[PDB]
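Two forms of a single protein chain come next, each set out by itself as structure tokens; they are called structure 1 and structure 2.
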Structure 1
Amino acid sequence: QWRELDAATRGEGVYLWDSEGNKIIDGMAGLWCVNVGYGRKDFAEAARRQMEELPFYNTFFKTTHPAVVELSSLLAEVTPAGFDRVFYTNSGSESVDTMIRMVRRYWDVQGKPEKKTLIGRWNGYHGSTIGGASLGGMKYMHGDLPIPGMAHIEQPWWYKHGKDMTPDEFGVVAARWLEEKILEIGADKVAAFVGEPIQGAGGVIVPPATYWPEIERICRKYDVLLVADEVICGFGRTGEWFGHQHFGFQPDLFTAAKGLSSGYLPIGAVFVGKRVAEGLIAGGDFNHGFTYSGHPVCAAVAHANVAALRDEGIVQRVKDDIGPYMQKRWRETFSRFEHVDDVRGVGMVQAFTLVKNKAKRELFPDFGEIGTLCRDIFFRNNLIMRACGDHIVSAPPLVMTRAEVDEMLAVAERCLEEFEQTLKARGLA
């Protein structure tokens, strides 16, 4: 009946439940976002409390809503220095859209109305808004997109574009693709470069260690703003509070998604560095949001989420305990298989790639076909892992226990033992 109306039961910890009684291991944590796992009844209480006390705070008053002030203050403590001014929204997509406007408007204030082009990457994802889909580098997205002033460079995907280079060597090369694009367009027309510290929807593409430092060198060289999209890597996913902290680059601003509330309520934000912030304040355009922005109820729940991620040592636990454990076990489990390679990951994000031949580094034809097939197995065994093309990705709730990790891998191991079984059964060597 539910399927019928749709076409026209529970969650707790890292587990989900169906009406058939079967438990389900959610290795995706909703949409990369449910970082503290499900069943957080103190979040529900924080939401109720706020929706019964003050669910609104109107412009009429000089001040701003307490819960927002309280959230802004807590976030300042967990975010790196120079990000006191935050701009709240309802989603990561809206975050990206907003920062696209802030980026262009900033240069206007700086008396450089030519600097409007943002450079993204192919296979990069930055939301579903028109501007967001334009900044992204997905094909099946490209509403007459992209909009003007949007350019793209190739992604740091060593396995495919690495040739005979070492990852670190390929990191420099891949990063200098940006320099090439900048000189092609003209630095005076380039406003910013935007990238996920790790490409999420693109199949968890982890760039070499040399990549981001080189991207930053180039940005600073040509006076191009550096923007990180923490949509997925945000809030402990890599072990650090933010992806750009792990890879060691400092963006002028960055975008966050509902991971900020572990997906319990819709919310997002753009964190604006001092340099850019003073530019926007000098303009006066986004001053209304730096003050009045943020839905009270969502702020309250988001506050409790952040407070929990820090106070309960969930984030620190990813960097010290469960992260290193997940990476070692992930690599121990998937390195045996004949059609699995490029096993990768950091903190609580992992992935690998289904391949025809590991020796040749030969990918399967019709990139995506074999991935979906492997996904179907995962879904028959009540294990949720996502297939981005022929990439299998993982991103469970950060509070997952070592025991729960082994359990998940145990199931995943079966699925692949079967995957290669079906593979050879269909004649796909």
Structure 2
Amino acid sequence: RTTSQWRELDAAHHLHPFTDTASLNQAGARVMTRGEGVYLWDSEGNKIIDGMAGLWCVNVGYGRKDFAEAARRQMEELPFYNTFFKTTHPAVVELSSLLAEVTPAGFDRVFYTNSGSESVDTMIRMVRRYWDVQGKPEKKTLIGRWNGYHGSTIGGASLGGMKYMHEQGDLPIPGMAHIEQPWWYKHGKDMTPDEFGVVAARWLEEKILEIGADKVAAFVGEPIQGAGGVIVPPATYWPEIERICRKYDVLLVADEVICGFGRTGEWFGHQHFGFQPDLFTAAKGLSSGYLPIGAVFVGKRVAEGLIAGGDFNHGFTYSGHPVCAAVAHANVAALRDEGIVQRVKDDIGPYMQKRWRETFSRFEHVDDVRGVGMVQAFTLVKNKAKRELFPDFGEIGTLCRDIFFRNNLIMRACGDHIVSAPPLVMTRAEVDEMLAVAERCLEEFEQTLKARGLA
């Protein structure tokens, strides 16, 4: 099939996630055909640096023939059996055992899903069920954040803080609340980041006291806000959030769907920020996106509460899917046994973070250069000295993203935030190759800015 033919069929038959379908069907979809390591090829033969690892998820990179063999072997033996009929199967038991080896102490039990969105919905029902079992049926509100992202289920979209999502489906659903995000560049006023971290965390205490602690089930947050634009909270933030949750007997939930499976150099983002959640949600890196699988990692407190409650009337046909479980097992064993996570912490993470800051700090219209391990970002700004953002936040980001894409580099615009999360296996040479393209793209971005009198 030609590029033209694939585009014709895509436009005629396919509705995409988070897309202006009318626009895409006219402009034509870019057809990605092949992946190897950190690179993609499109139908026009372009070699592309995937600085987003598929969608924050292809943590071991493309081309794992060993994962394809594990999928083939399991699909030939038992492609599917359900976990509903007082039944199990070896692939799901083996994965559950391996996950207990790599997760923090106290995380013995896992509930399986297909997606991060299903994991968040599962976590919401688990949190509410937990408090019902404790004899507190009033304790049902989950608190999230504006510009937080917790997936695209009605439940996940509700707990997320994307107004563009809320306005499609009449969200949020009841028993959801939101506090402002710990975005120092915009909300920091004359505070230091560390001062601001305590203030941004105390917005949770304010919201708890407004609602009433007796009605608040949980606080949920991404250790680093992903889709919101790699919002890295100050070092003082998570310890204050945790103090507040424990003071008011509110459960603390990490959304690890991006930060999980080595993205920060720790196995999990909550380990990097030094907080101890009761539950955490996972997908993406769990299987390096090779097959759909998500999980809720359930701490001892909530697991004992759920087990005390008899039936949990929840789950998905494909929960624990043997083939997805077999591939996730291969993926997690690789992340440990090949030293991929340890390499992010001790080697490629510090290299990426140093080189990221070296590359982007000098630009007139770049600020808040940031990152941890193998997640990094910056913001395109009208004026650094004034911390002044561009109007129509997102228009300038789209301009920059389109320049990257034209130059066969994938980095994502989140409003006017530019973000990167490449495969964890990226080499030092590949980091420098990626930053060389990004640097030339920013030089062109700045030229165009001044040319249009936008600078």
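Residue numbering: sequential along structure 1, first residue numbered 1. Here the rigid core means the biggest group of C-alpha atoms that line up within 1.5 Å when the two forms are laid on top of each other.
Peer 1: If I align on the rigid core, exactly one of 289, 149, 213, 167 should have its C-alpha move by 2 Å or more between the two structures; which residue is that?
Peer 2: Comparing the C-alpha positions, the one residue that moves 2 Å or more is 289.
Peer 1: Please say whether, between the two structures, the C-alpha of residue 372 moves by 2 Å or more once the core is aligned.
Peer 2: No; residue 372 is a residue whose C-alpha shifts by less than 2 Å between the two structures when the cores are overlaid.
Peer 1: Does residue 62 move its CA by 2 angstroms or more between the two structures when the core is aligned?
Peer 2: After core superposition, the C-alpha of residue 62 moves 2 Å or more between the two structures.
Peer 1: Provide the displacement, in Å, of the CA of residue 20 between the two structures, taking the core as the superposition reference.
Peer 2: Its C-alpha shift, to one decimal, is 2.2 Å.
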